[PDB]
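This note's numbering applies: residue 41 is where the sequence shown begins, and numbers increase by one. Just so you know, even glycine gets a beta-carbon here, dropped at the ideal spot from N, CA and C. Let me begin by presenting the structure, written as structure tokens, before commenting on it.
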Amino acid sequence: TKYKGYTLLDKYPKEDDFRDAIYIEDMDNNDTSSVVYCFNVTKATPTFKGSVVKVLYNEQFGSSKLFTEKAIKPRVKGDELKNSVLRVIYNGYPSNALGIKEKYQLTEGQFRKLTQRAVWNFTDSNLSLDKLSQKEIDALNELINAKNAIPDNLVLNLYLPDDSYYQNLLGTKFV
């Protein structure tokens, strides 16, 4: 089963400052699209949904070995990385385990943007506060610093592209 990755550049309003909403969709139909996040800030996002270029991906169970091999400047390695990232997805958009969205009155788009940035904090040692208001900065700090308990069962898929010019993508549906 191949997957296609793509962006919806017009999904969120201008005020969210967030065009790169990435989705993954299987090539065989029955199922629908799923939110994913870019795992590599220095690589290219997939093309837009209407693009003539379709960027193709393979699905893999994300392990410690694998998250570490695919992260480019990871802030931490092994299990500490797997856990940090699983926790970001669990607390971030759309899961929202801590109620961070409602605590800082974020729009869906802002929350997703912040989740993307938190992922990058761990995978690329890159925390960008660029163009964020104070409440966005506070939410983003709560996200990367949270040390809450997560279920033991959790696994996410990593989507690996045919062409390594493009980012690896991290799923948000726990298996």
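**Message:** For the alpha helix (DSSP H) containing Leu180, name the first residue and the last one.
**Reply:** As a position in the sequence shown, residue 180 is number 140, starting the count at 1. Start and end: 174-185.
**Request:** Return helix, strand or coil for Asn208, following the three-state DSSP convention.
**Result:** Walking along the sequence shown from the start, residue 208 turns up at place 168. DSSP places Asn208 in coil when its eight states are reduced to three.
**Span of the alpha helix (DSSP H) around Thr163** = By 1-based counting over the sequence shown, the position of residue 163 is 123. Membership of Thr163 in the alpha helix (DSSP H) is indicated by the continuous run 148-163.
**Prompt:** Taking the Cβ atom as the reference point for each residue, do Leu196 and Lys213 lie within a distance shorter than 9 Å?
**Reply:** Within the sequence shown, the letter at position 156 stands for residue 196. Within the sequence shown, the letter at position 173 stands for residue 213. Taking 9 Å as the cut-off, the beta carbon of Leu196 is found closer than this to the beta carbon of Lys213.
**Prompt:** Leaving out the 5 sequence neighbours to the left and right, which residues in its chain are closer than 7 Å to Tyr144 when beta-carbon positions are compared?
**Reply:** Against the sequence shown, residue 144 aligns to sequence position 104. Hits under 7 Å: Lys175, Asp178, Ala179.
**Among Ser74, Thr163, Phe58, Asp192, the one whose alpha carbon lies nearest that of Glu99** = What you label residue 99 is simply residue 59 of the sequence shown in a count that begins at 1. In terms of Cα proximity to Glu99, the closest of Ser74, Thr163, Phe58, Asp192 is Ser74.
**Asked** Cβ atoms of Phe162 and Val116: under 9 Å apart, would you say?
**Response** If you number the sequence shown from 1, residue 116 lands on position 76. If you number the sequence shown from 1, residue 162 lands on position 122. Yes, they are a contact pair.
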